[PDB]
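Q: Need the 3D shape of this:
(8 chains, ligands or ions: 4)
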Amino acid sequence: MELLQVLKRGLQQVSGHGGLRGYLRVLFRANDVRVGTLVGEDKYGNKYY
Amino acid sequence: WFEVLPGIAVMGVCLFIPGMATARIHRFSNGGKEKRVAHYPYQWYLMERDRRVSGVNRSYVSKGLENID
Amino acid sequence: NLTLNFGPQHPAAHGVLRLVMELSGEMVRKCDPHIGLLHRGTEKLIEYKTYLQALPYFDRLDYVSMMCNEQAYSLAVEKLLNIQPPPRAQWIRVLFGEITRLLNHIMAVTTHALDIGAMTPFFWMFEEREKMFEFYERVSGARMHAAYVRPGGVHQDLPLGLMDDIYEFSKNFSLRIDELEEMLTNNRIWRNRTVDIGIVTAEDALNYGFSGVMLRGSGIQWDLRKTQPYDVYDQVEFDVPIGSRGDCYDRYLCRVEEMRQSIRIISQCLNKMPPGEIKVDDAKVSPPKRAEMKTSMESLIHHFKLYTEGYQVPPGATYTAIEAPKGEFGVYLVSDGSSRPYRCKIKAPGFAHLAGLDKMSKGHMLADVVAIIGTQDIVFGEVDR
Amino acid sequence: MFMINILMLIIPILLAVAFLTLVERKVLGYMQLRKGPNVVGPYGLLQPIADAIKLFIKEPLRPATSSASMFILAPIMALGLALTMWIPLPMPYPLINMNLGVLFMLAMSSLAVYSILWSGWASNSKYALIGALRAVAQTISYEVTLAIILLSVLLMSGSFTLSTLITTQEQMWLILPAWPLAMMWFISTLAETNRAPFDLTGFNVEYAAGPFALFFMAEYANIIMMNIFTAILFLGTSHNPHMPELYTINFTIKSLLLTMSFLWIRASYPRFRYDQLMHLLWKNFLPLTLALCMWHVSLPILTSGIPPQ
Amino acid sequence: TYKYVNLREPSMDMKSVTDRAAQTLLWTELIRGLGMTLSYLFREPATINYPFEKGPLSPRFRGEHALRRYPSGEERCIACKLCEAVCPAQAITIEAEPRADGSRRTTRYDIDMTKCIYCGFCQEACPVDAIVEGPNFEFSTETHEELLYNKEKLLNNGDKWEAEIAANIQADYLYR
Amino acid sequence: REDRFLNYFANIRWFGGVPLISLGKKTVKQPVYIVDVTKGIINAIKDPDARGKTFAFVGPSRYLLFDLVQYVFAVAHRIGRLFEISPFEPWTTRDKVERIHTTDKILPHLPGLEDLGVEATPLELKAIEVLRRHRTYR
Amino acid sequence: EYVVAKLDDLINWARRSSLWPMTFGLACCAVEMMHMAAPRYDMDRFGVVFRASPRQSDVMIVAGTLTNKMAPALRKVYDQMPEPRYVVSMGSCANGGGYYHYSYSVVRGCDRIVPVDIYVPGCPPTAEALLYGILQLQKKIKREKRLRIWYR
Amino acid sequence: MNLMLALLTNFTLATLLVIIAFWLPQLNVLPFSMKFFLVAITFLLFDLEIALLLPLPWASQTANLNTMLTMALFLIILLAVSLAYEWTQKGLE
Ligand SMILES: CCCCCCCCCCCCCCCCCC(=O)OC[C@H](COP(=O)(O)OCCN)OC(=O)CCCCCCCCCCCCCCCCC
Ligand code: SF4
Ligand code: SF4
Ligand code: SF4
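A: Numbering: from 1, shown residues only, chains lettered A, B, ... in the order given. Ligands and ions are numbered 1, 2, ... in the order given. Coordinates below:
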């Protein structure tokens, strides 16, 4: 019964960052879908995670 | 390991159609009844008879006990 | 008889080596290949260069060896110049000289197992091979082709690190060689694909002038690795494999045990390295340090002149050879007496190891012939000798 | 509306394998520690729809050294019979209730060797003239290894038709009395459909972008068909009259696993070096086939368990 | 010394043949071994998403050429020609001239980026440490007519960045 | 090699090979060979003194016959268009069919090719090259 | 037209979405491309499949060093390619023939034989700037098929 | 009456697609070997005697069985003895 114990980890990991627009916009470039925790500062809008 | 699961749910779903389609045609063509099969020539003789006496021209309809009372 | 030239075909492997096949219906019985796809003008080209300037054209002679080539050159030059290299430097030439054998003996099996047609042992081992090019970039200058060994010993010292990395690397490698043991040894079909193929075992297996494996693993015990020294290389302990009969499957099983020797030697070499210097001290051959070529007067005149011209080599012919990981490596370096050398004739393997394909092939199929070639481990550009 | 049953079986089965070359690689991907199609999909699922456009843009140059009436004739039959063989196949209801159809599958699959002899011969020299012969010569040897052990289970199931084959396997999973036959079924069917261990398989190299795609599309059509044919025969499913939907749920999902097996065996093994390849049939396979052919005759007799028909 | 591998006579008795008979007949080989070593599929794919992710390097990595200069601009090059005489491909060509202030500088300065075989000896031959192999693999133009670098690429290319260059020399100059 | 007039012939695989127009009257014009064309320019590009004195291009020996159309099927043994096909790059059943059958061997007082020498090419030697059909050996 | 020119944002997109390359392994620049095939910088499934038969190619790659004994064999394979082709040569010995450049028997350039579009420099380009050259190539396809017959 | 109207759609679909494939969207304007013969003859021999082997499942719902038992096993014998003399010489096959 492991379809829900790791799904609770993945539920906030998918839904709980940006919602539906922040997920689908970053989806349409690659499979780079896991959001980074720590952020960088430089420079324009390219926050090096 | 995750990305292969949308790969499975495309071609495998593409086989779900004709088994669903055909079982929603012969069931639909005979009005919620299965199609009368005929493998032996004695079996066909019923359909060759009963179509001529069903009501007008059909093999998927019945008469019942109340026909001749 | 049909005269097909199955070669120039870019059928994986190495789209080169175009040859003829006068096959007698199904068996071949006559094979006369053509070489010369890359002649490149190598041996004529070196006649205008100096000693330090000509050095990377030994490096690009293989595809694989980066520190086993230039090992056969500096040791072919330091004998002429009456120099022993300093002792810290000799422990590195054995370390990288026993790390390139963990590049040929990975490529010599996978690329053979790709002509055959297996897919997955090609990707299962090169993904582990990436953990090793980070070394080459960290120490010398580049991905592969490194002008790193000099005639004055090692170029420079390897930085902080690379001792808890190699010990980290080498402690997790024998599990990966235990993978291919399950992949090929206990399997039957690959055993059935290669048994009793290329049975060449007589004294014409040595009259053809073969070097190692496609030697001793077929019989005659001899090698250049403990009858002839290089550096501190006899002070380590190891054994040399011998197979049973004279076919490819008993020259294949050299290479599984050969990789099980290089792990021991690395785990034996790390315990014995002393701190010391890098270069030869007398500085008529080694350049002086960068912090020295900006202060004193004696440093620049033995810096600025040492790059306009090269060294001063005495005359008299010389010759040596070492263990390339597929064979001997003959260099007959003719010296004249100036900064520019005279004739530099090289002997590489493949001259013997592929002229004896005539004897080895016949009496057999056509599908046998591609399975023959990936056992000798023949690399072109290296047959340019 | 018999015609709309036709178009809702031919068209929805083309996308069943046009979206499989994707699945071919990703299953190949996640063995080699690598990912699927990454930039176009995003999950890959937009890759083959663009690649299908390319092979009809790119120019199909014709050989001047060949005829034209023969050269396009082999792709005519390539979609002809290799799609016709789908027709009397139940799920749980076949399109045609043939009174005998197991002979009908072999009758159509025996003309599969009659297509490869065209394209190599009418085209060109050597490779396309001698190399295309041997491939018939291996695939003529795998009907006798196919049809005999096929006949050994009709002795126990009961007859030729396929509609009775479901009822007779409603409690069994008939691999259990025929697990020796299960190897020589699946090995032989693997070898006929020209796949990775049993390969020697010039009958493709001359085809440009136009008609190469057919004899890549028809060859794939065979391979899920030998999956769906083994599916109704060995691993029979349960049947419900009042719920026909539950049949097809656990029908294709079992054939889809065996579809992966052709992708899975391909990622393990080398070739067989042609002289061995027929030598392992006559010397090795065929004497066991005759022995088990004698086995399934005496045992239903020495059970008083003859299947009724 | 020795080792005799693949040299072992068979068992040849009553019971041990049943281990070699069950092997061929029922295939306890080739599935327990080769069907399990492939799967082994559940490991993480170690792939770099190249336009987004990038791999490791070293501080001594070679690449694009560039020229440095002192604090406020001086042309650190002194045109002492030593990088020319050790270039194996002779990709250097320099014509010098006394500039009117008096100190000598360059007029033409060329690197045949086609011919350049990247022996990097130019980096290890300049006494005043002028030319530097800058660590940026940004390349791939569309003509042969473009990659021949003149001087006014190289001073500009040496001044698209310097803090990239000036930190790698300062972390590596103690070794060499 | 890849002109239109000579490739107008043998691209006529059809249910009838008709000449223009079932008559051997005017055929043919002067087919000068393409090496002579590019050789005339490079001699004139620093000739000198060749401005105003316009020049004419001599063809082969000498006028030509009706045999040319029979010469096609005897030895042949009977670029930014679009993504699929161009809708109109036709054979043009219009004034295309008459622009070639109007020979006009014009005034020989133009100097115009042999003086801008040297250009001398037959037809029978260069005909093997451009024609290419299904036999290719015999 | 807005209707017709919308179409080539599919077709000139589709050709830059599926490239089936040939590789000519001749010298040390062949080995580094194999590491691009090795799944670190996994070359497959970023738009581009692995090796393929010589018939079905779009993008040929010359790597290494050309000799005069290979100059006929290069042109014959170059003829057999279909029409929307491109030539991209990696390696510093395919841009002037590196050094070996003054040798008596090396093709000077790999440009005096075939017309090549993208030049990656370097003894081995490190399988790091080479994916950058390929994304340059798909960036080069901004061409059009409509408004070519629609103009002339 | 659709059998025969069942495959007519299938064959008109294949011959349609080649015209969009080979046709209009293109518009470009043996030595003998004996060992590779005897296996075809050998196959056709065992191809016949499986068609006589073919009528078995209808040959069980029958009369007195030991006629049909002992005779049907005899065809397998003749199919097997034919192997053994041929097993004495197969060639490089
Ligand atoms: C007394 C009671 C009544 C009788 C009951 C007795 C039951 C016996 C059941 C036997 C039935 C199965 C055996 C059928 C024959 C199998 C074929 C075979 O064994 O050939 C062996 C093959 C040939 O080489 P060999 O003869 O072994 O010579 C080399 C010796 N070192 O050498 C090999 O080993 C290679 C193996 C064949 C190569 C192909 C392998 C490809 C992988 C296929 C995987 C199959 C997965 C399982 C099947 C799928 C399930 C549907
Ligand atoms: S690097 Fe040295 S040799 Fe080269 S131009 Fe500068 S000062 Fe002169
Ligand atoms: S970078 Fe290499 S080729 Fe260029 S000048 Fe320096 S050493 Fe010579
Ligand atoms: S110089 Fe460059 S192209 Fe030539 S072999 Fe070396 S890496 Fe390959």
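
Q: Mind jotting down where the helices sit in chain E?
A: All helices of chain E, identified by DSSP state H, fall at E:17-26, E:82-86, E:151-157, E:163-170.

Q: oh, I was asking about the stretch 201-350 of chain C
A: Ranges of helices in the stretch 201-350 of chain C, per DSSP state H, counting those that start in this stretch, are C:204-207, C:249-269, C:297-308.

Q: Kindly report the same for chain B.
A: In chain B, the helices defined using DSSP H lie at B:4-11, B:16-22, B:26-29, B:41-50.

Q: got the contact list for residue G:143?
A: By Cβ atoms under 8 Å, 6 or more residues apart in numbering or on different chains, residue G:143 lies in contact with residue G:12. Bear in mind the C-beta positions are built from the backbone N, C-alpha and C, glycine included.

Q: Regarding it, which helix or strand does it belong to?
A: Assigned by DSSP states H and E, residue G:143 falls within no helix or strand.

Q: Please indicate which of the helices of the stretch 201-350 of chain C has the most neighbours on average?
A: Highest mean neighbour count of the helices of the stretch 201-350 of chain C: helix C:249-269, a mean of 19 (counted as mean count of other Cβ atoms under 10 Å in any protein chain shown).

Q: Check which helices and strands that one sits against.
A: Packing partners of helix C:249-269 (3 or more Cβ pairs under 8 Å, 6 or more residues apart in numbering or on different chains; DSSP states H and E): helix C:87-97, helix C:101-110, helix C:166-170, helix C:174-180.

Q: and it, is it in reach of ligand 1?
A: No: if you take Cβ under 6 Å from any ligand atom as the test, helix C:249-269 misses ligand 1, and the best it gets is 12.7 Å.

Q: Could you measure from residue E:65 over to residue B:58?
A: 90 Å (Cβ to Cβ, to the nearest Å).

Q: more neighbours, those two?
A: Per other Cβ atoms under 10 Å in any protein chain shown, whichever of residue E:65 and residue B:58 has more neighbours is residue E:65, with 22 against 12.

Q: Enumerate the beta-bridge partners assigned to the nearest residue to that one once chain neighbours are set aside.
A: Nearest non-adjacent residue to residue E:65, counting by Cβ to Cβ, 6 or more residues apart in numbering or on different chains: residue E:111, 5.3 Å away. Here residue E:111 sits in beta bridges with residue E:92, residue E:149, going by DSSP bridges.

Q: check contacts around residue E:111.
A: Neighbour list for residue E:111: E:65, E:91, E:92, E:148, E:149, E:154 [criterion: Cβ under 8 Å, 6+ apart].

Q: By neighbours, which of the residues you listed wins?
A: residue E:91 (24 neighbours).

Q: What's the local residue count around the residue lying closest to that one once chain neighbours are set aside?
A: Excluding its sequence neighbours, the residue lying closest to residue E:91 (Cβ to Cβ, 6+ apart) is residue E:112, at 3.7 Å. The tally of other residues near residue E:112 (other Cβ under 10 Å) stands at 22.

Q: Could you pull up the contacting residues of residue E:112?
A: E:89, E:90, E:91, E:148, G:96 are the contacts of residue E:112 under Cβ under 8 Å, 6+ apart.

Q: can you do 10 Å?
A: Taking Cβ atoms under 10 Å, 6 or more residues apart in numbering or on different chains as the criterion, residue E:112 is in contact with E:87, E:89-93, E:147-149, G:92, G:95-96, G:98-99, G:101.

Q: Format the helices and strands packed on helix C:249-269 as JSON lines; extra columns: distance to chain B and mean neighbour count.
A: Below are the helices and strands packed on helix C:249-269 laid out as JSON lines (distance: least, Cβ to the nearest Cβ, whole Å; neighbours: other Cβ atoms under 10 Å in any protein chain shown):
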{"stretch": "helix C:87-97", "distance to chain B": "38", "mean neighbour count": "20"}
{"stretch": "helix C:101-110", "distance to chain B": "25", "mean neighbour count": "21"}
{"stretch": "helix C:166-170", "distance to chain B": "27", "mean neighbour count": "15"}
{"stretch": "helix C:174-180", "distance to chain B": "20", "mean neighbour count": "14"}
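
Q: so which of those helices comes closest to chain H?
A: Closest approach to chain H among the helices and strands packed on helix C:249-269 is made by helix C:101-110 (30.2 Å; Cβ to the nearest Cβ).

Q: which one is the residue of chain G found nearest chain F nearest to, not counting chain neighbours?
A: Using Cβ to the nearest Cβ, the closest approach of chain G to chain F is made by residue G:145 at 4.6 Å. Nearest non-adjacent residue to residue G:145, counting by Cβ to Cβ, 6+ apart: residue F:83, 4.6 Å away.

Q: so what's that neighbour up against?
A: Contact partners of residue F:83, counting by Cβ under 10 Å, 6+ apart, are D:56-57, G:7-8, G:11-12, G:15, G:84, G:145-146, G:148-149, H:25.
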